[PDB]
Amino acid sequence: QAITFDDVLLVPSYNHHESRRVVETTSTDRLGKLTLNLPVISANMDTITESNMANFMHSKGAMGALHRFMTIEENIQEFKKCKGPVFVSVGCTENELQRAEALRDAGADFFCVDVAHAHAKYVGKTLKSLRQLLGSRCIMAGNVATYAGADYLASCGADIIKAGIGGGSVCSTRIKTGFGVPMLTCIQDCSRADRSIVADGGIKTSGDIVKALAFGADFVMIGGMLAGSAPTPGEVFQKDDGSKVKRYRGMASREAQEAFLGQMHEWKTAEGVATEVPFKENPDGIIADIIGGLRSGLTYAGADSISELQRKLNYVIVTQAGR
């Protein structure tokens, strides 16, 4: 029944375009508030996107989404260091509405409400408030895993909906609660709503990016593919061995999700340990690989644009042997 990236392959289609065609990867949301040449957003996680990453993504025709695990003044100053369009992230408490107001007053035009389970009354309440606070600005809201959730957020005033619960991505959510929706089923279902979907989860390869867009997402958010690279937060450490790592102590995005999952209680008494991530060389190469894979996918599909890729969607379901 439900499918993720590794369950499918896309079927090649008649290509009418000239061999050295300039292939267009640009994507514009359903409401015309967001256009990106490379429709990829670096994840709003504290290990992935602050101003350095946002500026790097912008330089590639893409975009960053700053995480929300900063004090309000830090968040304002980090936003001001961003060159070009960037998402700022906010939560759902009264202090988070103050955060939104301050970022708005500081010049922010793209906002992301980011919560574990967005298909919820208090999140709809938050979106209603943000819509009145922010006027005609672009509001992305997440995360949901169903058409009902996506339609709910659209009804409460979201412009763009971020899909992916933790069924094809956050291992902890599935393990601890049993909840999730494999990402292609999720993307396909959510994209029945009349707002653009951002695919958020389970994306490992440029091929997964092609599949996410083909199945109906207008943009993709990626975290893992960028983790440990130079523009991420954190200093590089060269240990005895010669290898290079980034090292994290506080892990605010992961801790927020663990709190939501009920795992940050009085009996979580084990001593805190640092998290090490292998240094990723050549972020420019990671992005160039994604751009290349995506243009090559559009060529196999005989597609002129992401819209055509979606319209002409043709795939097969494969077994484990099929890989």
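A residue's number is simply how far along the shown sequence it sits, counting from 1.
In this crystal structure, the stretch out of 83 to 91 and 229 to 237 whose C-alpha atoms carry the higher mean B factor is 229 to 237.
Per-stretch averaging of Cα B factors for 252 to 260 and 293 to 301 places 252 to 260 on top. Across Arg247, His117, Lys211, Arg195, the entry's maximum B-factor at the CA atom is seen for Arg247.
Out of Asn15, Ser19, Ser307, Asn314, the entry records its largest CA B-factor for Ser19. When the CA B factors of the chain's modelled residues are split into thirds, the value for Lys162 lands in the lowest one. When the CA B factors of the chain's modelled residues are split into thirds, the value for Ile139 lands in the lowest one.
In this PDB entry, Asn282 carries a Cα temperature factor that places it within the highest third of its chain's modelled residues. Split the chain's modelled residues into thirds by C-alpha temperature factor. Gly178 is in the lowest one. In the deposited entry, the Cα temperature factor of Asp189 places it in the middle third of its chain's modelled residues.
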